Amino acid sequence: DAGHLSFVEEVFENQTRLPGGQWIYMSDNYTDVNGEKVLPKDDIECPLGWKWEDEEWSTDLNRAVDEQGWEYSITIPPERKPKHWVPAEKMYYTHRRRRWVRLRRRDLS
(Lines of atoms letter the chains of each structure in order from A and count residues from 1; the text may use other names and numbers.)
(Lines give C-alpha, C1' and ligand atoms only; values in the text may rest on other atoms or scores of the structure.)
Protein backbone atom coordinates (compact mmCIF):
# COMPACT_ATOMS: atom_id res chain seq x y z
CA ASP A 1 0.00 0.00 0.00
CA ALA A 2 3.02 2.28 0.30
CA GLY A 3 4.40 1.34 -3.13
CA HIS A 4 7.98 0.41 -4.04
CA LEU A 5 11.23 1.82 -5.40
CA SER A 6 12.57 0.44 -8.64
CA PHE A 7 16.04 0.50 -10.11
CA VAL A 8 17.44 -0.94 -13.26
CA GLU A 9 20.99 -2.07 -12.79
CA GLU A 10 23.11 -1.42 -15.92
CA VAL A 11 26.48 -2.97 -16.72
CA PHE A 12 28.56 -3.31 -19.86
CA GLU A 13 30.32 -6.40 -21.18
CA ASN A 14 33.51 -5.31 -23.06
CA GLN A 15 35.62 -6.79 -25.82
CA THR A 16 38.63 -5.42 -27.78
CA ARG A 17 40.65 -6.37 -30.85
CA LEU A 18 43.54 -5.52 -33.12
CA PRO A 19 42.47 -4.40 -36.58
CA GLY A 20 42.43 -7.60 -38.68
CA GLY A 21 42.23 -9.61 -35.47
CA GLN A 22 39.32 -11.29 -33.72
CA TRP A 23 37.05 -10.22 -30.84
CA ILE A 24 38.38 -11.63 -27.58
CA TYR A 25 37.30 -12.14 -23.94
CA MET A 26 39.17 -10.45 -21.05
CA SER A 27 39.45 -10.83 -17.23
CA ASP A 28 36.95 -8.79 -15.29
CA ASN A 29 35.74 -7.14 -18.47
CA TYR A 30 32.71 -5.33 -17.04
CA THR A 31 32.38 -1.59 -16.61
CA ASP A 32 29.77 1.05 -16.02
CA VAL A 33 28.73 3.32 -18.89
CA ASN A 34 31.78 5.57 -18.49
CA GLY A 35 34.19 2.63 -18.57
CA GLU A 36 34.88 2.49 -14.84
CA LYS A 37 35.24 -1.09 -13.63
CA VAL A 38 32.50 -3.02 -11.88
CA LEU A 39 31.66 -6.60 -10.95
CA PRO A 40 30.71 -9.09 -13.68
CA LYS A 41 26.92 -9.11 -14.15
CA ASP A 42 26.49 -12.53 -12.55
CA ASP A 43 28.27 -11.44 -9.37
CA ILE A 44 26.05 -8.40 -8.80
CA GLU A 45 23.95 -8.60 -5.64
CA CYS A 46 20.96 -6.60 -4.44
CA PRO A 47 21.69 -4.01 -1.78
CA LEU A 48 20.38 -4.89 1.64
CA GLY A 49 16.59 -4.64 1.56
CA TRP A 50 16.20 -5.02 -2.21
CA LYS A 51 15.09 -7.91 -4.42
CA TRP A 52 15.40 -8.71 -8.11
CA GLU A 53 12.19 -8.36 -10.09
CA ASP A 54 13.59 -9.60 -13.39
CA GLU A 55 14.62 -13.22 -13.16
CA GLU A 56 17.35 -12.69 -15.76
CA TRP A 57 19.72 -10.14 -17.13
CA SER A 58 18.69 -8.90 -20.57
CA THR A 59 20.15 -6.82 -23.39
CA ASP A 60 17.96 -4.31 -25.27
CA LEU A 61 18.15 -4.56 -29.07
CA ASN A 62 16.08 -1.38 -29.71
CA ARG A 63 19.05 0.81 -28.72
CA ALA A 64 21.64 1.69 -31.33
CA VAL A 65 23.47 -1.66 -31.33
CA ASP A 66 23.91 -4.53 -33.75
CA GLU A 67 21.90 -7.78 -33.89
CA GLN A 68 23.86 -9.26 -30.99
CA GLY A 69 23.61 -6.12 -28.84
CA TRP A 70 27.11 -4.73 -29.45
CA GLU A 71 28.07 -1.08 -30.03
CA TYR A 72 31.45 -0.05 -31.39
CA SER A 73 34.22 2.52 -30.96
CA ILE A 74 37.96 3.27 -31.10
CA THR A 75 40.31 5.10 -28.80
CA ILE A 76 41.21 8.56 -30.09
CA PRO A 77 44.15 10.32 -28.40
CA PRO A 78 44.51 12.27 -26.35
CA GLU A 79 41.92 9.93 -24.71
CA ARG A 80 42.79 6.53 -23.25
CA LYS A 81 39.40 5.01 -23.84
CA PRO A 82 36.51 5.10 -26.31
CA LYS A 83 33.99 7.87 -25.74
CA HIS A 84 31.64 7.60 -28.70
CA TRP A 85 29.90 4.37 -29.65
CA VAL A 86 28.14 3.47 -32.93
CA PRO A 87 25.79 0.60 -33.90
CA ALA A 88 27.70 -0.64 -36.91
CA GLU A 89 30.90 -2.69 -36.99
CA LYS A 90 33.79 -1.57 -39.29
CA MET A 91 37.24 -3.12 -39.66
CA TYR A 92 39.12 -0.24 -37.99
CA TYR A 93 36.93 -0.35 -34.83
CA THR A 94 38.89 -1.77 -31.88
CA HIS A 95 36.34 -1.79 -29.01
CA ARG A 96 32.86 -3.02 -28.51
CA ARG A 97 30.50 -3.32 -25.58
CA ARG A 98 27.09 -4.67 -24.78
CA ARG A 99 24.66 -3.29 -22.24
CA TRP A 100 23.13 -5.69 -19.71
CA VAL A 101 20.20 -4.61 -17.58
CA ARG A 102 18.19 -6.02 -14.70
CA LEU A 103 15.33 -4.58 -12.60
CA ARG A 104 15.31 -4.74 -8.81
CA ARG A 105 12.87 -3.26 -6.32
CA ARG A 106 12.43 -2.32 -2.61
CA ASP A 107 9.01 -2.37 -0.96
CA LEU A 108 8.44 0.72 1.14
CA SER A 109 6.43 -1.20 3.74
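For the sequence shown, PDB author numbering assigns the number 943 to the initial residue and increments by one for each residue that follows. All C-beta atoms in this analysis are idealised placements derived from N, C-alpha and C, irrespective of residue type, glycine included.
Report task. Please report the residue range of the beta strand (DSSP E) in which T958 lies. Result -> Position 16 of the sequence shown, counted from the first residue, corresponds to residue 958. Start and end: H946 to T958.
Query - Pick from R1038, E955 and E1031 that is closest to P1024, judged by C-alpha positions - result: For the purposes of this step, residue 1024 is taken as the residue at position 82 of the sequence shown. Nearest of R1038, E955 and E1031 to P1024, Cα basis: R1038.
Query raised in the report: With contact counted as at least three CB pairs below 8 Å, one residue from each stretch, are the stretch 977-990 and the stretch 1008-1017 in contact?
Result: Output reads no: the stretch 1008-1017 does not touch the stretch 977-990.
Query - Same chain only: Cβ atoms within 8 Å of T1017, ignoring 5 sequence neighbours per side - result: Position 75 of the sequence shown, counted from the start, is the residue given in the question as residue 1017. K1023, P1024, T1036 and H1037.
Requested in this report: Drop a sphere of 10 angstroms on the beta-carbon of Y967, count the other beta-carbons inside from all chains shown, and report buried for 16 or more, exposed for fewer.
Outcome: Start at 1 with the first residue of the sequence shown, and residue 967 comes out as number 25. Exposure of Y967 is indicated by the presence of fewer than 16 other C-beta atoms within 10 angstroms of its C-beta.
Report task. Compare the beta carbon distance of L1045 and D1002 with 8 Å and say whether it is the shorter of the two. Result -> Locating residue 1045 in the sequence shown gives position 103, counting from the first residue. Locating residue 1002 in the sequence shown gives position 60, counting from the first residue. At the C-beta level, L1045 and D1002 stay beyond 8 Å of one another.
Query raised in the report: In the stretch 1000-1042, which residue ranges form an unbroken alpha helix (DSSP H) of at least 4 residues, counting only runs that do not cross its ends?
Result: Listed in chain order, there is nothing to give.
Requested in this report: Return the CA-CA distance between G962 and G945, expressed in angstroms with no decimal places.
Outcome: Here residue 962 refers to the residue found at position 20 of the sequence shown. Here residue 945 refers to the residue found at position 3 of the sequence shown. Rounded to the nearest whole angstrom, the C-alpha separation of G962 and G945 is 53 Å.
Query raised in the report: For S948, which residues from the same chain have a beta carbon less than 6 Å from its beta carbon, with the 5 sequence-adjacent residues on both sides left out?
Result: Translated into positions along the sequence shown, residue 948 becomes position 6. The answer, listed in chain order, is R1047.
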